[PDB]
2 protein chains.
Amino acid sequence: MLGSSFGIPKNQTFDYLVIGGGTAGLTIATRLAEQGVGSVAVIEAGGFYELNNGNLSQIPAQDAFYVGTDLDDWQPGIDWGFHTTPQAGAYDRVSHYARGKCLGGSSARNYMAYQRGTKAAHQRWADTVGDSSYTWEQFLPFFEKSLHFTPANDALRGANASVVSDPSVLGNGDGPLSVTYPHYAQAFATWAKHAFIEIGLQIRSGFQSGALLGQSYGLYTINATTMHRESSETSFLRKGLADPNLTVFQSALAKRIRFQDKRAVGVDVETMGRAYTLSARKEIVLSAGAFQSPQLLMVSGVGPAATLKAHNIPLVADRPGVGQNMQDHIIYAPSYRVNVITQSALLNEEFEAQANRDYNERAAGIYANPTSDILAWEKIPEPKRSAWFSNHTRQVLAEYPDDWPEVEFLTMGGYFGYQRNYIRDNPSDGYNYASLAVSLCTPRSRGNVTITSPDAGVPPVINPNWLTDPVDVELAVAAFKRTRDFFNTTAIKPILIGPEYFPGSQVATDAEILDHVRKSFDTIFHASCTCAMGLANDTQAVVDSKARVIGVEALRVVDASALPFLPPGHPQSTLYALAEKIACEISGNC
Amino acid sequence: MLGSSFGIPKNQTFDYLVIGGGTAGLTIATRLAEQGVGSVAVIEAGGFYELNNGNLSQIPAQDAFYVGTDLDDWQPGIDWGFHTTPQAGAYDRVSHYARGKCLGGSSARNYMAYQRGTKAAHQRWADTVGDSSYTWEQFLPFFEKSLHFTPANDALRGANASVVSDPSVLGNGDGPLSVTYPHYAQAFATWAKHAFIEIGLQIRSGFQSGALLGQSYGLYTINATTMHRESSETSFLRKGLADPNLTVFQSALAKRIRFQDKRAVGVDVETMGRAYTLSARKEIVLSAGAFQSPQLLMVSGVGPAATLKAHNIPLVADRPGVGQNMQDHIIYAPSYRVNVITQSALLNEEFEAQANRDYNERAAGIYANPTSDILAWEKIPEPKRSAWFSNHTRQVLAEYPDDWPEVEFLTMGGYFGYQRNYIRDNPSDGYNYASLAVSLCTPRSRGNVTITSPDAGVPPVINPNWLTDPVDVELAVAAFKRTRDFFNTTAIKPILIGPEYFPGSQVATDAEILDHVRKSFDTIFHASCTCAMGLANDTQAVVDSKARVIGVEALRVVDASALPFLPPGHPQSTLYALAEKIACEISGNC
Ligand SMILES: Cc1cc2nc3c(=O)[nH]c(=O)nc-3n(C[C@H](O)[C@H](O)[C@H](O)COP(=O)(O)OP(=O)(O)OC[C@H]3O[C@@H](n4cnc5c(N)ncnc54)[C@H](O)[C@@H]3O)c2cc1C
Ligand SMILES: Cc1cc2nc3c(=O)[nH]c(=O)nc-3n(C[C@H](O)[C@H](O)[C@H](O)COP(=O)(O)OP(=O)(O)OC[C@H]3O[C@@H](n4cnc5c(N)ncnc54)[C@H](O)[C@@H]3O)c2cc1C
Ligand SMILES: *[C@@H]1O[C@H](CO)[C@@H](O[C@@H]2O[C@H](CO)[C@@H](O[C@H]3O[C@H](CO)[C@@H](O)[C@H](O)[C@@H]3O)[C@H](O)[C@H]2NC(C)=O)[C@H](O)[C@H]1NC(C)=O
Ligand SMILES: *[C@@H]1O[C@H](CO)[C@@H](O[C@@H]2O[C@H](CO)[C@@H](O[C@H]3O[C@H](CO)[C@@H](O)[C@H](O)[C@@H]3O)[C@H](O)[C@H]2NC(C)=O)[C@H](O)[C@H]1NC(C)=O
Ligand SMILES: *[C@@H]1O[C@H](CO)[C@@H](O)[C@H](O)[C@H]1NC(C)=O
Ligand SMILES: *[C@@H]1O[C@H](CO)[C@@H](O)[C@H](O)[C@H]1NC(C)=O
Ligand SMILES: *[C@@H]1O[C@H](CO)[C@@H](O)[C@H](O)[C@H]1NC(C)=O
Ligand SMILES: *[C@@H]1O[C@H](CO)[C@@H](O)[C@H](O)[C@H]1NC(C)=O
Ligand SMILES: *[C@@H]1O[C@H](CO)[C@@H](O)[C@H](O)[C@H]1NC(C)=O
Ligand SMILES: *[C@@H]1O[C@H](CO)[C@@H](O)[C@H](O)[C@H]1NC(C)=O
Ligand SMILES: *[C@@H]1O[C@H](CO)[C@@H](O)[C@H](O)[C@H]1NC(C)=O
Ligand SMILES: *[C@@H]1O[C@H](CO)[C@@H](O)[C@H](O)[C@H]1NC(C)=O
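Novice: Looking at this structure, I do not really get the overall build of chain A. What am I missing?
Specialist: Along chain A, the regular secondary structure elements total 15 helices and 23 strands. Compactness check: chain A gives a C-alpha radius of gyration of 23 Å against a globular reference of 25 Å for 590 residues, within 12% of the reference. When the backbone C-alpha atoms are referred to their principal axes, chain A occupies close to 70 × 55 × 45 Å.

The following block contains the structure:
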């Protein structure tokens, strides 16, 4: 009975509460319920994205809806409508920062890329938090536990789009999280493989074995049968319905964590104006993400003393790291008109109608593609390194491990432009558009989150502060010039129609390149480290290596906020794994 | 793809809009979508009751949750939290009036009784609205079209609980609305059959063939396989999700119908704070029910001129009938301790655990019962008639048709008391409690609905005004004495434990009985006739026989508000049928 899984908004007691039915939230809630620790309730402000955002969150190719910087490019059924402070690195631009408000959280909204960090990143993690269980070899089983891998389908993809994978690290098939290759590869990506080789990027066997340098076809959180998005909702929550130990509270806003002495004992909740308190006998897990986890700590009395005093919040623990040390990745892309099919073709009615039938009848065609296909990773090579970087920049980059890339390239079968609104500004003049996006994997810029109010119903103040460190500025210009090197290869030339479409060659000098990047970049949505994992004796750390909040009892944080630092690339794989790990830490029954 | 059925909250155009995803709403929306008239959108303020009220709305025996008169006996996931004005007939009591806020509306909340009115009621309907298609023989196919009848299961019910039905009027099996007999009959009802005969109520072949006088086992909107509630959501909406012509907007509040000249062209909607306008090319159907249909007309400029002026609403049509002539039924019941299992046994943990397993594993046991089982109908008999009624009362009752009953009796395997809150005040002292409820089928009292604001987000002012006509007062006392006659039968005596438990024999005189009824009665939730069907030339009528709103174009009302008068007994059968009829009227493709 479906309804048996869903809670009634009144005072009651569970063994465990998880705040936030997002990526980490639904994973840890489902695993705790299955691991015999007693009753678990998960509290989520949103509903099902299948009811609240049409089929836009279910179709991989529709992932560009409601992610633009424009303040109005969102709707309240899937997005919080959060905007940044005026951004020092983006000419004081106030931008929309997309966050999932739904069961699945930002796993309902992401571009579905599944890629793990490097052995050396895991080594740095182990060192920073003083726990060797975070080293690659000890952590890997938690990465594998979640997965149901399906190999590439060569018949639907075409021979051109053959993949190089490492199945030995993609689990035993028993996990609920579908990971596979899309049934459709962008024709652009097929050409990009040759261009990547010409600029010195060797093919490797996927991005799941603890190394990145080189190129490969990406793996995605997509169901191999339906080519629907795989979120934490379609994977973990669907398994957890059927577990009588799991209760879901949806359309439910957590307002305050309650403390008796320094012990977390319950959560104040509002469901459609009805206030109630859920009590926890054992532990509360905060999984509200990089913006709202720190906000809930602060309005509950855990955070910087001066902030809590200024908003009349009684102090429970002076923890100055709460909302500090925010890390993020950025993305921007030039675009060309190309002589191959890209997502542009969906603007043509006769083409869309065929793609629509291919998707629903055969799980095939361009709708079955998340826009991306091939990722590539490098250090900026010599001799460009000495020309493009100051001595200070080269000294800072030499402190990163050899395996830790500086720049990520992503094939995109669509137009980025200024990323104001990808749907409105999608060029409609009858050409196919493709982009080569770049992301920077060594961000030095640090941001923060604070509050204007003790009410969690008021949005937090979000200041990512991207592109403010001189190292990020120099890297941003270098990455842009590498996209120009990609587009000047003889391998890619035959599909290009005329010169660079966006921005165009008139963007030439270092200062013009920087100015264009400052106008055309956005976050790639990897906000993290606002409840950073570190040593219990570090006054800036928020959680220890067991994800316990320092200064209080029976409270953990398990989400992107808990990361000690942002590892290179796409973090969802790591958040699934971290949730798997802290579930076993709590239960002891794995 | 589920999401393909659900709308995005932005400006867009459909051929038809239905306001209110309730009993009538989801029926007409689904049928219009199937009948080739183009695109249909349904707008509903609530969500799925399966997500928003646990399993309480899915289990028939849990129908007593959130229906009490106490102002706090509701939660915002299934109920509007409406209260009445101070009630002239109930010692100025301000009472909660349960209304479904969910897909299915009040079909999510009702006691699931399926019973039709009388041939003579249908004759009066035809005469009042000037349309012979409302006579029994012409209207019957619209009653049958909806249904999937399953016969009584004698093996699960027991031989004691054999039924007398007329399958020839219960359709061909093709309709989505499950109607059947419960898998479990209250032991109390089994005894009640003999007691009903002793006080002169003969067995008849069900309540679906245009006659009521006598007794029979009731038919219910329950799925025959699962013994889950059958709402308009589990029947019509579930069929309509496969129809690409149907779009659902849930968590969507309609604020205003828009008029160009006198033509309805769109609806102003708010979904979680996001305002948008849905446009209608052809017709708008208002299905917001007896309280909110008249409210939406008035805030849109259709209603009594003086009311709209007083709240700064521009006048579109002076229609003084809007919100007037409200009709309703009431219910109250004495109770006895009884020597048989009733719903009381669910307070015993060992009994509940077995009933829980019986329900989920075999669709059997007391959870598979809607509380009622046998209905009985009469005129107050002679010689009690001359003793209990004034000459004026007898003159008014003689104007009703011979087939139209004055009093309904309902077996109830539970305690009513003052109906403040059935769950809190459920006696827990170890006895089984049963009640014999009565409802009055000839209400003379008339109520109304008005507004305090042009904002549909502000609740309407709801004044049922029950028990204010001297005919209803005399009938209320007579009905109560007939419950005493039932409980003094020699047939029922052997299961009674001690004397009348509630109110008790100390309630003796006519004035004491009236006083007790005024304290212990509530609505039985049949609010209707606030957008009454009549002749186009009647200034008090709101809709014509085609359900078109008089004085404007392209606007219909199809719900309990549209009834010309309240027919005897349970109206959901008539609302399904009326929705079937106006669907065919609109489409011309049946
Ligand atoms: C557009 C986009 C693209 C991305 N692409 C990728 C990608 O391709 N690969 C990848 O690895 N990562 C990607 N990411 C990032 C990755 O998805 C996120 O880092 C991850 O989803 C965050 O997980 P989380 O559990 O930390 O938070 P979330 O998944 O955001 O979960 C937080 C949850 O808590 C709820 N919540 C917050 N406050 C409250 C409250 N008070 N009460 C109740 N509920 C509350 C929210 O509604 C939400 O459901 C992308 C992000 C976005 C936005
Ligand atoms: C507790 C209870 C027991 C009952 N028992 C029985 C019984 O056993 N048998 C029987 O025959 N009848 C019974 N009834 C009555 C029967 O269920 C109702 O008369 C019938 O459901 C009314 O249907 P409707 O479409 O007129 O209104 P509803 O089904 O109430 O539909 C109105 C819908 O419109 C929505 N809405 C209102 N305003 C807006 C707006 N502005 N924007 C968007 N959506 C809006 C509401 O949320 C609701 O879903 C019972 C009623 C109740 C409350
Ligand atoms: C309607 O919803 C209720 C859940 O909200 C449900 O109550 C729950 O019933 C489950 C059994 O399915 C109980 O869970 C049990 O879990 C372990 C199994 O590993 C048992 O050993 C325990 O005894 C425990 O009872 C929950 O205790 C119970 N929860 C609540 C809130 O009471 C009802 O069962 C549902 N009703 C029906 C008829 O299905
Ligand atoms: C994602 O959701 C969209 C609708 O919510 C859906 O678009 C809709 O698709 C249907 C076809 O499935 C169109 O309805 C058609 O119905 C009749 C058949 O009797 C046809 O003759 C008509 O031409 C009509 O097209 C709707 O027009 C269309 N709605 C809109 C707004 O376009 C998408 O198809 C869904 N996406 C996928 C990939 O399935
Ligand atoms: C619910 O819990 C809170 C705090 O424990 C309390 O303020 C409130 O009164 C409770 N409500 C009820 C009905 O007990
Ligand atoms: C993929 O979807 C199909 C069809 O819905 C389902 O049978 C399967 O379980 C899903 N796979 C995973 C691994 O979730
Ligand atoms: C690969 O195949 C697709 C579709 O057949 C085609 O559009 C694309 O150009 C091909 N690529 C190469 C490199 O030949
Ligand atoms: C956030 O960072 C900005 C820029 O570095 C700084 O000036 C601001 O005060 C910080 N806010 C908090 C509350 O730490
Ligand atoms: C009753 O429920 C069963 C199982 O869910 C289903 O197969 C059947 O179609 C339902 N019947 C109706 C008419 O809703
Ligand atoms: C009918 O049978 C049931 C046994 O299931 C019993 O509880 C009930 O009293 C019986 N009624 C009569 C009148 O014999
Ligand atoms: C939406 O429709 C209304 C109705 O006229 C009007 O405010 C405006 O034209 C539309 N707004 C947008 C954002 O298109
Ligand atoms: C509604 O009914 C009452 C009688 O109970 C009457 O006094 C009142 O004026 C009516 N109000 C409206 C607005 O018709």
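Novice: Please clarify how the pairing of strand 16 (residues 374-378) of chain B should be interpreted in this entry.
Specialist: Taken residue by residue, a regular strand's side chains alternate between the two faces of the sheet. All names here are of chain B. Here strand 16 lies mainly inside the structure; 5 of its 5 residues are buried. Residues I374, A376 and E378 point to one face of strand 16 and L375 and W377 to the other, with burial holding for every one of them. Pairing of strand 6 (residues 214-217) with strand 16, which is carried by 4 bridges, proceeds in the antiparallel orientation. Among the inter-strand pairings, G214 is bridged to a residue of strand 16, identified as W377.

Novice: What is the right way to look at the site of ligand 6 in this model?
Specialist: Residues and elements named next belong to chain A. Lining the immediate surroundings of ligand 6 are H148, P176, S178, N223, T226 and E230. Measuring from an oxygen atom of ligand 6, one finds a side-chain N or O atom of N223 at 2.3 Å. At 3.2 Å from an oxygen atom of ligand 6 is found a side-chain nitrogen or oxygen belonging to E230. Relative to its free-state accessible area of 360 Å², ligand 6 is covered by the protein chains to the extent of 45%.

Novice: Please explain the pairing of strand 18 (residues 432-440) of chain A as it appears in this structure.
Specialist: Residue and element names in this part refer to chain A. Burial of strand 18 is extensive: 9 of the 9 residues sit out of reach of the surface. Side chains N432, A434, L436, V438 and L440 of strand 18 all project onto a buried face; the interleaved residues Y433, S435, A437 and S439 project onto the opposite face, where all are buried too. When strand 14 (residues 330-332) meets strand 18, the two strands line up antiparallel, connected through 2 bridges. Bridged to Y332 within strand 18 is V438.

Novice: Got a minute to help me understand the side chain of B:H329 in this structure?
Specialist: With respect to the helices and strands, B:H329 occurs in the loop between strand 13 (317-318) and strand 14 (330-332). When residues no more than four places from it in sequence are discounted, the contact partners of B:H329 are B:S439, B:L440, B:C441, B:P443, B:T523, B:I524, B:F525, B:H526, B:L566, B:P567, B:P568 and B:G569.

Novice: So what exactly am I meant to see when it comes to the site of ligand 11 here?
Specialist: Residues and elements named next belong to chain B. As a structural note, the neighbourhood of ligand 11 is formed by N11, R258 and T277. Here an oxygen atom of ligand 11 sits 2.3 Å away from a polar atom, N or O, in the side chain of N11. A distance of 3.2 Å separates an oxygen atom of ligand 11 from a polar atom in the side chain of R258.

Novice: Got a minute to help me understand the interface of chain B and chain A in this structure?
Specialist: It is common to give the size of an interface as the accessible area that goes away when the parts come together. Contacts between the two partners involve 29 residues from chain B, matched on the other side by 29 residues from chain A. Regarding the contact of chain B and chain A, the summed buried area is about 2,500 Å², with carbon and sulfur atoms giving 63% of it. Contact with chain A buries surface across chain B, with B:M1, B:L51 and B:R274 losing the most and accounting together for 27% of the total. Inspection of the region where chain B meets chain A yields 0 salt bridges.

Novice: Honestly, a nonpolar patch on the surface in this entry has me stumped. Any pointers?
Specialist: Taken together, the side chains of A:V164, A:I197 and A:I203 make up a nonpolar region of the molecular surface, amounting to roughly 220 Å² of accessible area. In this structure A:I203 comes out as partly exposed when scored by relative accessible area, which is 40%.

Novice: Help me out: how do you make sense of the UniProt feature "binding site: FAD" in chain A in this one?
Specialist: Residue and element names in this part refer to chain A. Mapped onto this numbering, the UniProt entry gives "binding site: FAD" at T23, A24, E44, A45, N110, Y111, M112, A113, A560, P571 and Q572. Spanning 550 residues, the named residues do not form one spatial group; their C-alpha atoms are separated by as much as 25.0 Å. Mapped onto the fold, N110 is located in the loop between helix 2 (49-52) and strand 3 (113-114). Those residues in contact with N110 that lie beyond four places of it in its chain are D63, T221, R229 and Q572. Relative to the helices and strands, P571 is located in the loop between strand 23 (555-557) and helix 15 (572-587). Residue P571 is classed as buried on the basis of its relative accessible area of 15%.

Novice: Would you explain the packing of aromatic side chains in this entry?
Specialist: Any aromatic ring pair is given by two values, namely how distant the centres are and how the planes are angled relative to each other. Residue and element names in this part refer to chain A. Inspection of the entire model under this criterion finds 68 aromatic pairs over all chains. Ring centres of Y111 and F525 lie 6.4 Å apart, and the angle between their planes is 85°; on these two criteria the pair is classed as edge-to-face. Placement of the pair is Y111 in the loop between helix 2 and strand 3 and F525 in the loop between strand 22 (522-523) and strand 23, with a sequence separation of 414 residues. By relative accessible area, which is 23% here, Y111 ends up partly exposed.

Novice: I would appreciate a short explanation of the packing of helix 4 (residues 136-145) of chain A against helix 15 of chain A in the present structure.
Specialist: A pair of packed helices is characterised by two quantities: the angle between their axes and the separation of those axes. All names here are of chain A. Running from amino to carboxyl end, helix 4 crosses helix 15 at an angle of 105°, the nearest separation of the two axes being 8 Å. As summarised for this structure, helix 4 and helix 15 are arranged roughly perpendicular, according to the angle between their axes. Between helix 4 and helix 15, the contacting residues are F139, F142, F143 and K145 on the first element and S573, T574, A577, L578, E580, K581 and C584 on the second. Its residues assigned to classes, the contact of helix 4 with helix 15 shows 6 nonpolar, 2 polar and 3 charged.

Novice: Help me understand the UniProt feature "active site" in chain A in this model?
Specialist: Residue and element names in this part refer to chain A. Here the UniProt-annotated "active site" positions come out as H526. The exposure class assigned to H526 is buried, which follows from its relative accessible area of 6%. Ignoring anything within four residues of it in the chain, the contact list for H526 reads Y97, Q327, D328, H329, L566, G569, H570 and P571.

Novice: Even after reading the chapter, I still don't get the relation of the copies chain B and chain A, so can you show me in this structure?
Specialist: Superposition record for chain B on chain A: RMSD 0.1 Å, screw rotation 180°, translation along axis 0.0 Å. The transformation relating the two chain copies, once decomposed into turn and shift, fits a two-fold axis. Nearest to the rotation axis, the C-alpha of B:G47 is located 4.7 Å from it, this being the minimum over chain B. With an isologous cut-off of 70% or more, the 100% of interface residues of chain B that recur at the interface of chain A puts this contact in the isologous class.

Novice: For this particular structure, what's the right way to read the environment of B:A541?
Specialist: Residues and elements named next belong to chain B. Here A541 lies in the loop between strand 22 (522-523) and strand 23 (555-557). Considering only alpha carbons, one finds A541 and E34, 507 residues apart in sequence, at a separation of 31 Å. When sequence neighbours within four positions are dropped, the list of residues in contact with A541 reads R319, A532, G534, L535 and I550.

Novice: So what exactly am I meant to see when it comes to the state of the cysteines here?
Specialist: Chemically, a disulfide is nothing more than a covalent bond linking the sulfur atoms of two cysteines. By the definition in use, this model includes 2 disulfides over all chains. Here B:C584 engages in a disulfide with B:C590; their sulfurs sit 2.1 Å apart. Its torsion about the S-S bond being -85°, the disulfide of B:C584 and B:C590 is classed as left-handed. Judged by its relative accessible area of 66%, B:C590 is exposed. Residue A:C441 stays outside any disulfide, its sulfur separated by 14 Å from that of A:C529, the closest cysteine. B:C531 provides the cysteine sulfur closest to B:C529, a residue in no disulfide bond, and the two sulfurs are 9.9 Å apart.

Novice: Just to check I follow, could you spell out the environment of B:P370 for this structure?
Specialist: Residues and elements named next belong to chain B. On the secondary structure map, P370 appears in the loop between helix 10 (349-362) and strand 16. The spacing of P370 and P464 is 94 residues in sequence and 26 Å in space, taken between C-alpha atoms. The residues touching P370, leaving out its near neighbours within four places in the chain, are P60, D63, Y111, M112, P182, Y220 and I222.

Novice: For this particular structure, what's the right way to read helix 1 (residues 23-34) of chain B?
Specialist: Along an α-helix, residues three or four positions apart point the same way, because every turn accommodates 3.6 residues. Residue and element names in this part refer to chain B. The terminal C-alpha atoms of helix 1, which comprises 12 residues, lie 17 Å apart, in line with the 16 Å expected from a rise of 1.5 Å per residue. Of all 12 residues in helix 1, 11 are buried; the element is thus mostly enclosed. Of the residues making up helix 1, those classed as buried are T23, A24, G25, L26, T27, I28, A29, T30, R31, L32 and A33. A positive backbone phi angle near 70° is found at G36, which sits one or two residues after helix 1.

Novice: Got a minute to help me understand the environment of B:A398 in this structure?
Specialist: All names here are of chain B. Along the polypeptide, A398 turns up in the loop between helix 12 (391-397) and strand 17 (407-412). On the basis of relative accessibility, which here comes to 63%, the residue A398 falls in the exposed class. Residues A398 and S162, spaced 236 residues apart in sequence, show a C-alpha to C-alpha distance of 35 Å.

The rules we used
Residues numbered from 1 in each chain as written, not as in the entry; some residues may be left out. Chains lettered and ligands numbered in written order. Heavy atoms only, no water. Residues with missing side-chain atoms left out of burial classes, pairs and counts. Helix = DSSP H or I, 4+ residues; strand = E, 2+ residues; numbered from the N terminus. Rg over C-alpha atoms; globule rule 2.2 N^0.38 Å. Buried < 20%, exposed > 50% of the residue type's maximum accessible area, 1.4 Å probe, protein only. Pairing = 2+ DSSP bridges. Near = heavy atom within 4 Å. Polar contact = N/O pair within 3.5 Å; in protein donor to acceptor, adjacent residues only side chain to side chain. Areas by Shrake-Rupley, 256 points an atom, 1.4 Å probe, with all protein chains shown as cover. Contact = heavy atoms within 4.5 Å. Buried area = accessible area lost by both parts, 1.4 Å probe. Salt bridge = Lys/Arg side-chain N within 4 Å of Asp/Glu carboxyl O. Patch = residues over 30% accessible without salt bridge, like charges linked within 9 Å, V, L, I, M, F, W, Y side chains within 5 Å. UniProt positions renumbered as here; feature names shortened; annotations may be inferred. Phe/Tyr/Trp six-rings, centres within 6.5 Å; stacked < 30°, edge-to-face > 60°. Axes fitted to C-alpha atoms, helices over the stretch in contact; angles between N-to-C directions. Parallel < 35°, antiparallel > 145°, perpendicular 65-115°, else oblique. Nonpolar A, V, L, I, M, F, W, Y, C, P; charged D, E, K, R; others polar. Least-squares fit on C-alpha atoms. Disulfide = S-S within 2.5 Å. Expected span 1.5 Å × (residues − 1).

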